[PDB]
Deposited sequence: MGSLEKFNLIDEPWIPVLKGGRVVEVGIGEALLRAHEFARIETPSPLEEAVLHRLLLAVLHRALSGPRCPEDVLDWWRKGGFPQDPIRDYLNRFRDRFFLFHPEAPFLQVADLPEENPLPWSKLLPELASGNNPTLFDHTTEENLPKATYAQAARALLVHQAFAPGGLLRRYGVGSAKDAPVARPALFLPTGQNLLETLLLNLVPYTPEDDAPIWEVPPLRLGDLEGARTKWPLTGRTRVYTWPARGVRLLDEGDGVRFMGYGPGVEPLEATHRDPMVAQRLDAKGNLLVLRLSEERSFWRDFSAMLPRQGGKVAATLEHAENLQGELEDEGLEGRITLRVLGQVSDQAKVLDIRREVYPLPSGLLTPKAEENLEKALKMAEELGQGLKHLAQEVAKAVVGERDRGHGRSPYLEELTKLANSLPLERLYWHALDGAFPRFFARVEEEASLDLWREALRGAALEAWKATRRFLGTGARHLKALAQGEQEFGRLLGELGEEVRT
């Protein structure tokens, strides 16, 4: 019995400009003292929020109504008795090491032939000892973000994706940790849900051969999913190795995680919004709207509603939106990313949404034209069909700064536009930004094209076509 997550320092928070570590108790009871959960890993940031939310939802058996969240923001804190009563009732499920119920672990996982604790981390002797605080964070992350793939332990060939292994996570944020939790405390009922610690401790017998299958539903059940079997092995003052086996098999269900958005395919399947490379995330902001017809993250929906109510009572209504997740290449993870945007005053109003649809359409049409222009340049430079011809064309086209520079410039301009999406004058700001991004990108392509006599016919033609595109704004 060692290291209780309610009491020990393990959640890194910003307090008065310095980073300190706190336990679940203090993070909740004193949320307003911390500017934010502060960690270099976006996955850590996400899970630490999801765990705290899980506790709040159960301790508070709510909030049932958006009005309750406002009352708590107004008072400047959560009701405290319910929270300390709840933390007291479940204290003994919150030890990192425990004879019978270690937090998010399997007590009877075999101690011998363990794996390095590094397996928990995204990948993405020379094995360092982790602290309990680090082991705790790495566990929470792996349990939420682990991709499917080969396992081959205890009668399980391959494991399934952990719950949020794939989608971008929408996390609205305010001026302090209290406000940030409030902004994510989507109205909730306890019925038929339960986080991992409210259920009997899992045993290897239940997990071997994937014997235990759960429908992937229930908010706090999902926030605290036992995706893998883990048993961290205490080495005295830290952790190097763990027992490792299958977790609970997720059965498919209707439930959508509150932090997850959706959009439609090109006819006509719903998919989760994802982080990717080669695509700016905001380019999907219109497709996630109901009239498109995707589904907005419940957290985003709830924050935007709350913001409207804070503005109505003269309270500070300025909020930020953070998007957290993994870029994943099938079953590899390519990157961990944190994106940051304004949460515009009246985002989910017909006018703002309509400004958004137009803005993204303009950018997308101009970008499509720039893309074709780059393909024509590439054809012009290379020549006619005879290294693989088409690969040499794709190589060359990808080699031009045209599209890449265009989108990179719009990443810069989007937030200042987005923040004013409610207004009508913002379309004109955006139009100019489109023009400017296009110009800078083309200039950089002119430079690239003036280094040998080869590139010139393509330059002449391209200049002509670029003139065209621009004349249509």
Missing C-alpha runs, given along the deposited sequence, first residue counted as 1: 1-4, 129-142, 405-409, 497-502
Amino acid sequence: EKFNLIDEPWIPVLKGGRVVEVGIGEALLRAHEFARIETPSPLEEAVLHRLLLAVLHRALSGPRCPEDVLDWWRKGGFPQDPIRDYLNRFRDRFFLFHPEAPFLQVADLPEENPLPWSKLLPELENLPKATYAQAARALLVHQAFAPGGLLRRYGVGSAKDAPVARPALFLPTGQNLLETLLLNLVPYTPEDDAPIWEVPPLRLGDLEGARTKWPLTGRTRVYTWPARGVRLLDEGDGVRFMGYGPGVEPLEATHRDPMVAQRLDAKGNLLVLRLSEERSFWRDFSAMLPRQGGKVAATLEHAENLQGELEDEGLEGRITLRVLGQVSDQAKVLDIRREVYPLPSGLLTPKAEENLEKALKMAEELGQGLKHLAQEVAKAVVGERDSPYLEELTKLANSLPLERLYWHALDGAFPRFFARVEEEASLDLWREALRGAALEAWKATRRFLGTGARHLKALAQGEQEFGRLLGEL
From here on, numbers count along this sequence of modelled residues.
Mean temperature factor over C-alpha atoms, higher-scoring stretch between 38-46 and 58-66: 58-66
Of 387-395 and 111-119, the one with larger mean CA B-factor: 387-395
Peak C-alpha temperature factor (PDB record), options 216, 169, 377, 270: 270
Residue with highest C-alpha B-factor in the PDB entry, from 316, 335, 179, 92: 316
Assigned third (lowest, middle, highest) for the C-alpha B factor of residue 205: highest
Chain-wide C-alpha B factor ranking for residue 226, given as lowest, middle or highest third: middle
Ranked against its chain, the third holding the CA B-factor of residue 154: highest
Chain-wide C-alpha B factor ranking for residue 256, given as lowest, middle or highest third: middle
Residue 408 - Cα temperature factor, lowest/middle/highest third of chain: lowest
